[PDB]
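So this one's two forms of a single chain, laid out as structure tokens and tagged structure 1 and structure 2.
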Structure 1
């Protein structure tokens, strides 16, 4: 039922009923969020296979389809974070998971109809973006179920396994598309040059039964708990760039890596390999957080950004001047980018929760605030900041595939976009060096 008496900080309460309830909510939240990341990056897999079905959209148009869900995603993250305390975690989780069936079902029918206008795919693309907003509400919700000591571990597991949703989708979708399942629901195949049949509808339809099962499980298994001037702070905008360069890079490369590989090395079936990128990136986010706890987020973030810049530079030497070579180098460097982008995602996030909380602490104390008020306002501000940072960092998921699409459109080469990425990474190691010299000497 709806919980009125929730005392997670009380050890006796936690041992008695708190831990068991919070364990159940967390472990229904994780699959629900994982599925959100599946639906969010759907077009990273589908847009690769649209020409194979009969669509004649330009390369720039295809990239745009992978880019757009990060727009609505970013925009809706701040509103989504406000929804949980209003409607409760259980109800909003079920609602925000369930509505993802609409673009999943729609896209399945849409890909079988080569008369479907590009405009309709734009709508579906944006609709998939709703899935990208679930992160803000899912994470906000889980924080209330855990004591401040265990939130770090609880939020890390929910977000970590959540981000795994990209890789599992980029693994499963290419596999079920070759399968003749869902025929009873009208799954029609398209004959490919190699003789095999392509069932593109399966790529989105495969999630519908799982979206439904955990929509049901959310309504029956989760609970509701009865229990900003941050924009002005210059540090908020400073940190947002860093999370933009890391999480934005992870989610941006996830959106457009397959599409790019198709434009650089068209022979390689990238879809049987691409998932590994977002896979290690999602694992490195957890690694990045763990390292940051032991050594300090800033130190981890700084070294990571130097690494992002190096591999950003090395990526130029892998590209073909269309002929020729080398894919194996190209993929290796991109794995390194995924890993560092993920690593930096976790490190930056830990860093923001530390730096912003510390400066908030020192501020209210400087105003003559009590220790009690200092701690709680530091909690409000950091929770408010991270939510806003997370929304801004999401826009990188648009920028990178949009930059690849534009660079190729006017030059025929992605190096223009990559050069922009390199400068951004070099700017970031400068930024991160600055905060290491003023705000973080620990």
Structure 2
């Protein structure tokens, strides 16, 4: 379990030992991270089904239960990043996955009983936001296991199939409803399995602006992930959104991967910049798909425009990461050259810096999984329309086009 001699930058070690151990750790890592994305977004599919089983909460109170996980999620991302060098990859993974069985059983009971207070439901949602932090600890872990010049692929895999968890849950939670307990309890066998699997299979080794640009991209993917099924119910109450909502966050994740791959083919800042034009254009065209009370509008268009807003948000996530990655490689190149060192040192140090920075950048970035569905709450509960919220979004994506041109291209 404990590993005292770890030398990934040494090809000879990599070939005898490293690759085998890092590869087994990676493969057990992924399930434990996508399951944390499943548990993170429970209310994105459960708050929709809350009234349909006898819960008289404001639709704003429902958006609130959808927004709160990302409160604790964002705030637990910085401390979780410091937890891997302290307890170790095997132990923390086991622990941080295992303790997700708490809020999963607890809203399997609370949902069946009809007199259960809002107070309890706020707590369960905040404890679901613990699953949100798994990302930063899982991502530090992987950065330790893989050699600096190979971390890209593994990190890409870890968070790529990690983010996929949101989409995977949305495809399952409605399909398992045959009622509202099963959308929570179907994960207790899976969380347990891979806690045991992590416990035995894994190993214990011995710029503010970028936070904003990540926030605008990832924050959007994860924001629209929280309150889309919820929004496409206060707009088109007669369509069964649950059977379609999954496809959104699915495209988002796939877009994240093509994000960086695209970006190193035609410029980090360029893609970011052009894709904030798209994220603005698609924020405006949503205005022209809304029905006003009620109800005269288009759904296919609404859904396609949102499908675009998930694709565009994913693309940006990848785009922003490789901008960070690139910025750090320029900084480290210049410093080393001034110290008079080798490019290898610069490569390694840039890989460490982006990994050290990642805990903080992903913390700020996760704050947008709250604001977005909170804005859809305080737009509805006030003006009785989503037009108020979306007006803020449009201004922001305009601000992000501005703040990218001015500060980069």
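Throughout, rigid core stands for the largest set of C-alpha atoms superposing within 1.5 Å between the two forms. Numbering follows the first chain given and starts at 1.
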Residue 246/residue 317 same rigid segment between structures 1 and 2: yes
Degrees turned by the smaller rigid body between structures 1 and 2, as judged from C-alpha superposition: 31
After superposing on the core, C-alpha shift for residue 370 between structures 1 and 2 in angstrom: 9.3
Rigid core fit between structures 1 and 2: Cα deviation of residue 339 in angstrom: 0.3
After superposing on the core, C-alpha shift for residue 380 between structures 1 and 2 in angstrom: 4.8
